[PDB]
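Because the Cβ atoms are built from the backbone with ideal geometry, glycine has one as well, and the counts that use them run over all protein chains shown. Since every read-out is calculated from the coordinates, none of them should be taken as a lab result.
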RNA sequence: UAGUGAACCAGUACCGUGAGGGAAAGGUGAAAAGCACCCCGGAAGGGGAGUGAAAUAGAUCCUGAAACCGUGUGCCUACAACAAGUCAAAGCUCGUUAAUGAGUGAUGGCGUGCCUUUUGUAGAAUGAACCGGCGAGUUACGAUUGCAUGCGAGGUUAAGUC
RNA sequence: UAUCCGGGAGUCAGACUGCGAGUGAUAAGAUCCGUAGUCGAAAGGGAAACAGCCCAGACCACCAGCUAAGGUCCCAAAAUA
RNA sequence: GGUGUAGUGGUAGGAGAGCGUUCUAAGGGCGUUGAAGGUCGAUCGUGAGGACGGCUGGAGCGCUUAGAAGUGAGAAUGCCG
Ligand SMILES: [K+]
Ligand SMILES: [K+]
Ligand SMILES: [K+]
Ligand SMILES: [K+]
Ligand SMILES: [K+]
Ligand SMILES: [K+]
Ligand SMILES: [K+]
Ligand SMILES: [K+]
Ligand SMILES: [K+]
Ligand SMILES: [K+]
Ligand SMILES: [Mg+2]
Ligand SMILES: [Mg+2]
Ligand SMILES: [Mg+2]
Ligand SMILES: [Mg+2]
Ligand SMILES: [Mg+2]
Ligand SMILES: [Mg+2]
Ligand SMILES: [Mg+2]
Ligand SMILES: [Mg+2]
Ligand SMILES: [Mg+2]
Ligand SMILES: [Mg+2]
Ligand SMILES: [Mg+2]
Ligand SMILES: [Mg+2]
Ligand SMILES: [Mg+2]
Ligand SMILES: [Mg+2]
Ligand SMILES: [Mg+2]
Ligand SMILES: [Mg+2]
Ligand SMILES: [Mg+2]
Ligand SMILES: [Mg+2]
Ligand SMILES: [Mg+2]
Ligand SMILES: [Mg+2]
Ligand SMILES: [Mg+2]
Ligand SMILES: [Mg+2]
Ligand SMILES: [Mg+2]
Ligand SMILES: [Mg+2]
Ligand SMILES: [Mg+2]
Ligand SMILES: [Mg+2]
Ligand SMILES: [Mg+2]
Ligand SMILES: [Zn+2]
């Protein structure tokens, strides 16, 4: 009741590259996390920003918590389903390509 | 029953001994000193813990080298660069840096592990008869009968 | 006060009120047992047995019989496609020491 | 040349020790108070050095 | 007799020995055939006599 | 009568892995590496249950030697004297006396010295 | 991964000029009652609110293993040479199928994987990237020996008919 | 323990060490026999490490004792006997 | 069942006795008051292995005796994922 979470599943992005941005914001005030994501140029910053803003919207609308006091209690990225692709290579042979996806989760608590 | 005593770090009191190296053969001085540093002289000896005592070796410059060791016993060391072999005689080391002579001899006899290196650090060698460790109230350790 | 007794081909140090584990004794639980081979008795004074202290004995009560944690003997020789596994639980008798003479 | 042995999880994590992002140069914008990058125009109010631009 | 208490005569029935089912059985790996050679092959062996 | 793999395989491999709990990385995670390590663990354990007795007798001897020297005697002389004096206290108990009951150890040493003199 | 190659729009997709070769792929729930409405978002996807016995049964839907990836942390680790364990062990943490408990582990001793093939392999000889599944002395008809049973100088039916 | 009768095999690449020979050069961790051991198929202790050498054959448990080869100044148990 | 004596390294391999898997028969049981399966635990046996609890799971499954086998995987530059 004191925490709200949001999740974006099967988002097309590298889990490792996403975890870079997630590590930046983990365990930080919501305002600080928003600023960091806004000024981080990496692709996953925008994705994580929407998830964090969605989580904050949950904390406020669904559970009527205190936005100012909200902090990022927990955040992580989980591997999603991998789309399989192939790329032709020299001498009539192909090589597999893993088009990865990520499950981005953000949990924000009152304090 | 599994009742054998095992010393704990910090419970055993390490004393301070003064060993006079005057005319004592280098190896025999090193052997007795190494036993003391390891703590083999005390019943509370526990192989996996340090229980030996500190040693202050004085008059290192007067240590005895029997036979022609003074000029023929050679200490080698390789810089690890090709052809980087250096040599220095035991006699020259005694004359110039006798502390290193005693320390090298004792290092060879202590165990070659973390505990052994820590036990070595408790050794203090001083060519000459005076040392700065009077604050530790060290007591003389006659070794005439031990060698 | 304490004593050293010869039990199970082994020597044990015993004090009144201290339980000791020994090789299985052919005695029912809760029964009295006397160790007559007291090779030393110490305390304020010392008694030295040559090999045993004359007319000194230790008395105890058999608290329990039990089995020590299992030990697995697994013997194999590499590259010889041959192994053998064995289990063991050594029986023991726990005795509370009541009196030392 | 090819790896002789596969890299373990511990060694892989050790190597990635330094493979991290960083964020630097953020402080409150004078005009609007929003966090901005120092020496950059504030993306929110479009002010720099106290003037709209 | 009772269908739930059947008992064969002692020594009347034995258990089939299965080879190549682990070392401890004594017939693992080589399955009692030994090491290499003609007799160690599937369908190996020479004609009688 | 088809008998599919079932669960015996998983059960057996999980037993091995539980034995391998605490090992380093793959040596506790993967069955093949785990089994290989557990086998070496068995070999070392059987070997060490014999080396253990050697080590502790060695430890007792060293401690008894130190105590005997403090009493003016070498370990070899002390044990020879004790055998002459008929004392059967073993090295475990002797080491215990040396560390804890120095007075009792001195009494034993005096008897050994007396026997040697005779 | 069985059973037809094919439990499903299979001789299909796909491959080949052609003959020809030839797959993968079953399971929501009792019943769609398949999430009205609200909130974040362009959407996707989520959080509420509902349906339901159950939604961590939400359609990639029964169960949901391992490899692999990640978050949190009780203990340890930046003077150390390590087939990674085993034996010994202080300290710290915890409290069980209550057992002379559990986790971790400073430090000390010992210690060159598994398999195959070899006189001999830690081997700088071979095999295994890891995990899961599948994967190798069987059946028929004869021969012979042991064991067992029935009968016993006897023993026994085969085809075939009911 | 030997025979004998029958069911079931595997083995037909051996190695080194000591001793007696051949071949070799009175070379070889060479080769070929005879002979005994060990390894092979044998862990443990010693020989620094070291299948074949020395001691010795692991059904198990013990934080008990005595010895073999080999050792007792320190690493490292035991004589600065 | 007891005592005593002796013995219990082992490759190729021979003999013996067992564990576990699926199914059949009979008997006797267990299951929406939660089966199988999964996971965790400091549990038991000489071994393969057997229970017992917590959680998950949601419908079948043990046990005794006997019977039949597509009956046990860690390796095949094995096949598939
Ligand atoms: K055979
Ligand atoms: K479900
Ligand atoms: K962890
Ligand atoms: K270690
Ligand atoms: K090769
Ligand atoms: K027959
Ligand atoms: K025969
Ligand atoms: K010979
Ligand atoms: K369970
Ligand atoms: K394989
Ligand atoms: Mg082309
Ligand atoms: Mg049959
Ligand atoms: Mg065999
Ligand atoms: Mg095999
Ligand atoms: Mg083969
Ligand atoms: Mg051959
Ligand atoms: Mg053959
Ligand atoms: Mg299988
Ligand atoms: Mg012994
Ligand atoms: Mg098919
Ligand atoms: Mg569930
Ligand atoms: Mg599911
Ligand atoms: Mg250093
Ligand atoms: Mg450090
Ligand atoms: Mg060869
Ligand atoms: Mg390879
Ligand atoms: Mg496999
Ligand atoms: Mg030769
Ligand atoms: Mg062979
Ligand atoms: Mg050997
Ligand atoms: Mg070998
Ligand atoms: Mg002796
Ligand atoms: Mg010594
Ligand atoms: Mg002398
Ligand atoms: Mg034996
Ligand atoms: Mg079943
Ligand atoms: Mg099969
Ligand atoms: Zn601004």
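Worth a mention:
- Taking the average, over residues, of other Cβ atoms within 10 Å as the packing measure, peptides D:1-10, F:57-66 rank F:57-66, D:1-10 from highest down.
- Protection proxy ranking of E:21-27, B:77-83, E:10-16 - average other beta-carbon atoms within 10 Å, highest first: E:21-27, B:77-83, E:10-16
- Relative contact order of chain C: 33 percent, from C-alpha pairs under 8 Å at least 6 residues apart in sequence.
- Spread over its residues, the convex hull of the C-alpha atoms of the stretch E:9-49 is 122 Å³ per residue.
- Considering all C-alpha pairs of chain F, those separated by over 19 Å amount to 62%.
- Taking label positions 7 Å along the Cα-Cβ direction at both residue F:61 and residue A:14, the computed distance is 6.2 nm, reported to one decimal.
- Relative to the dominant Cα principal axis of chain A, helix A:15-25 is inclined by about 20°.
- By average C-beta atoms within 10 angstrom, highest first, the peptides B:135-143, B:25-33, B:117-125: B:25-33, B:117-125, B:135-143
- Taking every C-alpha pair closer than 8 Å and separated by at least 6 residues, the mean separation divided by the residue count of chain E gives a relative contact order of 16 percent.
- Sequence-separation-based contact order of chain A, relative, with Cα cut under 8 Å and 6+ spacing, percent: 42 percent
- Applying the Kirkwood pairwise sum to the alpha-carbon positions of the stretch B:24-147 produces a hydrodynamic radius of 15.6 angstrom.
- In terms of other Cβ atoms within 10 Å, D:42, D:32 run from fewest to most in the order D:32, D:42.
- Chain A - Rg (one decimal) and Dmax (whole number), Cα, Å: 16.9, 62
- Legend: mean number of C-beta atoms from other chains within 10 angstrom of residue C-beta atoms, peptide D:23-30, equals 2.
- All Cα-Cα separations within the protein assembly as shown were binned at 10 Å from zero, giving a P(r) of 3, 9, 11, 12, 13, 15, 16, 13, 6, 2, 0, 0, each value a whole percent of the pairs.
- Shielding of C:71-78 by partner chains, average beta-carbon count, 10 Å: 4
- Rounded tilt (10° steps) of B:26-38 against the dominant C-alpha axis of chain B: 30 degrees
- Rounded to the nearest 10 degrees, the angle from helix F:8-19 to the longest Cα principal axis of chain F is 30 degrees.
- Between residue C:77 and residue F:30, the simple label model (points 7 Å from Cα in the Cβ direction) yields a spacing of 2.9 nm.
- Normalised by 2.2 N^0.38 Å, where N is the number of residues, the C-alpha radius of gyration of chain C stands at 1.45.
- For a paramagnetic label modelled on residue C:21 (point 7 Å from Cα along Cα→Cβ), amide N atoms under 15 Å away are absent within the stretch F:34-59.
- Relative counts (whole %) of C-alpha pair distances in the stretch A:48-111, using bins that are 5 Å wide: 4, 15, 18, 14, 9, 8, 7, 7, 6, 5, 4, 2, 0
- Peptide A:33-45 has a mean shielding of 3, counted as Cβ atoms of other protein chains within 10 Å of each residue's Cβ.
- Distance between the C-alpha centres of the stretch F:32-70 and the stretch C:1-73: 26 Å, rounded to the whole angstrom.
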